[PDB]
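The block underneath contains the structure these notes are about, expressed in structure tokens.
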2 protein chains.
Amino acid sequence: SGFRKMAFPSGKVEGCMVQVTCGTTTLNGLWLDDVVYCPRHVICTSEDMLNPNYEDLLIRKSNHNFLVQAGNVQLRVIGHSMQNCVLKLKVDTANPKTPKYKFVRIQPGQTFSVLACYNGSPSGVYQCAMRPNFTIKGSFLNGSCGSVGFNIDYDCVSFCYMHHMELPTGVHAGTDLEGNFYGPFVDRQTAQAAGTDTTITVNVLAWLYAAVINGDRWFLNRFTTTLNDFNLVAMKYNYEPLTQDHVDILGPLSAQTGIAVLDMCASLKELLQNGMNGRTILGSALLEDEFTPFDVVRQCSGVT
Amino acid sequence: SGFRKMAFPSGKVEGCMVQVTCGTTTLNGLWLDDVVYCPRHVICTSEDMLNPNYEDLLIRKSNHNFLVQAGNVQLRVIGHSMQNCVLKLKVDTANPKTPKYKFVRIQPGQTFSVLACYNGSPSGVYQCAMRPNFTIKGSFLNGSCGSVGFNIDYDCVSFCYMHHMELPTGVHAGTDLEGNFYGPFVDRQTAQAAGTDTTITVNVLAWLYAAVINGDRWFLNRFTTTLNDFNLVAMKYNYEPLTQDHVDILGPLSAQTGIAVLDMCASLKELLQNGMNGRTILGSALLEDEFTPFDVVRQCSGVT
Ligand SMILES: *CC(=O)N1CCC(C(=O)Nc2ccccc2O)CC1
Ligand SMILES: *CC(=O)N1CCC(C(=O)Nc2ccccc2O)CC1
């Protein structure tokens, strides 16, 4: 029993982190096979970041300007290319610790682990969600760029995020491993404001299921609702609209607990309207929305 | 910027987890050098756990009854001994992945990472604190016993916890790696109730400092207090008494933010008396007490 915000074990990703230096900028790279992936802004001076022309900046860079270090050992760069907002540094050595891996572009509401790194060295691991506004709420200081987000399916690491940017509001923006930003964000030091950080309704419901499974049941009530009625209340509280697809996804947790999805919607409606009244659910005083249905089933069944 | 509940990277500990089977019980063991550490209750049947005599139960067990498997490969057990509530299984092979390590007994209020495992296989990593009542609030299903808690100091893993027990209230009890339970708990299926789960005041203050560092400042006020005045309020709210030792420990965060510890005590006093009024601090609606001062400095400075 018990229910924790739980990251994937980071060992397989730790084996992939290197240091990338270009001129005076040091950040992190991901070494898979004979390719090191890193943010293209590694080539920018402070001054460049106001209005960088990356193709023009890159012309001034040769292979030997990209210093790649795995631990204490230097890697030889034998090629470099820009794909969208990432650089792919070809090295002469395949990472011997390369796990089975995929590059995947996640949807808003999907969760992943981040291995925060500095100078190619892991500092910590935490669980994130791709927010509906395509930011993530991370922990990233200077030197943390190139840190990646991932899921593990048994032995296959699905890499979904590389860290690039902090917005003035202290939230985070980055790319998939093809170098495409999540959302409308750019690798430019410019006016970029995040949109409405809406709550991921299906994740809140999943987490209410996890609560019931783990003995926290005080918020169950005598009510039901409909998708349309619930969604009127979701709208008012900046919650994502709940779809039949979300209802279908919650089916296994419904079946396990014997609580109809719409009855749990009715619980959530009352929590939104009435607040927590100073009570907690799984040790939280707000409605947690960074557990997916799959996360709840995973943690509640003990998948490895 | 940003501040997350962050576990240590788990790679070094992943390399140490094995499966231990005795009769029909499967749980986890920690393989360091040529010793596998596991909970002695691996030898109990369900029936035994009501009033086990471990010395007597152990007489019926030989080396060949302890099945130890690292991945797909079996380890040969060449000796076994009971130390307090752990078994030490001597194996004929030193774990080649043994990191630098220490066994340390932590104090209440100290934090650590847990690598939740099932059948010797890592499922996830999360951050815990040794509660003032010597429980931890974990996530542990059947098969998770022998999962360990640890801190990392650069390259040296300090192992502080092995998981043994869930109390009827869904909280967790375990041992250090010398097999001594934290608190008054025993490896018996009996009436064991946790005492008052008091809030770790020095950790709350550390986390308020982390909030200010990261831009969350709405709770700073015009007030100060004294240790004695603050402690009257702490008593009423089941907070640990704040000592001059706690004040001294918070000195670096005081210096960095320019906020006197006692002024931050005054902030915390108002939060305790007035509540959050529906506001959040670092995305929480309650006062977080599972970040130590050292954790805040670590995360806010980017140590690896
Ligand atoms: C995220 C990361 O690790 N980065 C991106 C920022 C640079 C950096 O120092 N850039 C910078 C330029 C001009 C003003 C401020 C500022 O942080 C380091 C690597
Ligand atoms: C923590 C862990 O992984 N354990 C401890 C419990 C046993 C187990 O199955 N014991 C048990 C006996 C009788 C009734 C219930 C119950 O869980 C598995 C390993």
Side-chain angles (χ1 to χ4, degrees), chain A residues 1-15 17 113-128 136-144 152 154 166-167 169-172 214-216 275-276 278 280 282-287 295 298-304, chain B residues 1-15 17 113-128 136-144 152 154 166-167 169-172 214-216 275-276 278 280 282-287 295 298-304:
Chain A
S1 201
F3 197 83
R4 277 276 184 181
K5 189 65 72 56
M6 200 174 290
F8 293 94
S10 59
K12 287 172 192 296
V13 177
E14 290 170 55
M17 306 305 317
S113 297
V114 171
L115 184 66
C117 293
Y118 298 94
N119 303 123
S121 287
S123 81
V125 70
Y126 53 89
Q127 197 59 4
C128 273
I136 78 167
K137 294 200 189 104
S139 168
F140 297 113
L141 305 170
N142 290 321
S144 70
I152 310 180
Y154 177 50
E166 189 160 66
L167 303 188
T169 53
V171 303
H172 300 116
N214 288 282
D216 283 359
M276 303 280 280
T280 64
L282 294 175
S284 168
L286 58 63
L287 305 174
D295 292 344
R298 182 174 321 100
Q299 182 170 163
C300 287
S301 86
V303 185
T304 60
Chain B
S1 201
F3 197 83
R4 277 276 184 181
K5 189 65 72 56
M6 200 174 290
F8 293 94
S10 59
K12 287 172 192 296
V13 177
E14 290 170 55
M17 306 305 317
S113 297
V114 171
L115 184 66
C117 293
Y118 298 94
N119 303 123
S121 287
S123 81
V125 70
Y126 53 89
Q127 197 59 4
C128 273
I136 78 167
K137 294 200 189 104
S139 168
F140 297 113
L141 305 170
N142 290 321
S144 70
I152 310 180
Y154 177 50
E166 189 160 66
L167 303 188
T169 53
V171 303
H172 300 116
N214 288 282
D216 283 359
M276 303 280 280
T280 64
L282 294 175
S284 168
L286 58 63
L287 305 174
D295 292 344
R298 182 174 321 100
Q299 182 170 163
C300 287
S301 86
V303 185
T304 60

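The figures that follow rest on heavy atoms only: side chains count, while hydrogens, waters and symmetry mates do not. In what follows, chains are A, B, ... by sequence order, proteins preceding strands, each numbered from 1.
Contacts between B/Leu115 and chain A at a heavy-atom distance below 4.5 Å involve the side chain alone, from C-beta outward. The part of A/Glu14 that comes within reach of chain B is its side chain, from C-beta onward, which places non-hydrogen atoms under 4.5 angstrom from that chain. Proximity to chain A involves both the backbone and the side chain of B/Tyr118, based on heavy atoms less than 4.5 angstrom apart. Contact of B/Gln299 with chain A is made through backbone and side chain together, with heavy-atom distances under 4.5 Å. Only the side chain of B/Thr280 comes within less than 4.5 Å of a heavy atom of chain A; its backbone N, CA, C and O stay farther away.
Among the candidates A/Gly11, A/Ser301, A/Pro9, the residue making the largest number of heavy-atom pairs closer than 4.5 Å to chain B is A/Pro9. When A/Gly138, A/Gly170, A/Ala116 are compared by the number of non-hydrogen pairs under 4.5 Å with chain B, A/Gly138 comes out ahead. Contact count versus chain B (heavy atoms, under 4.5 Å) is highest, among A/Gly2, A/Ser139, A/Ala285, for A/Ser139. Between chain A and the options B/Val125, B/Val13, B/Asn142, the largest number of non-hydrogen pairs under 4.5 Å is found for B/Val125.
Nearest heavy-atom pair across B/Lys5 and A/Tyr126 is O-CB, 3.6 Å.
Separation of atoms SG (A/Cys128) and CZ (B/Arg4) is listed at 4.5 Å; rounding is to 0.5 Å. A distance of 9.5 Å separates OG in B/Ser123 from CZ in A/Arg298, rounded to the nearest 0.5 Å. One distance of note links NZ of A/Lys12 with OG of B/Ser10; it measures 11.0 Å at 0.5 Å rounding.
Contact annotation: the side chain of B/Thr304 never approaches that of A/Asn119 to less than 4.5 Å [non-hydrogen atoms, C-beta and beyond].
Shown here are the salt bridge (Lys or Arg N to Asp or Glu O under 4.0 Å) partners of A/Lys137, two or more places apart in sequence or in another chain: A/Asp197.
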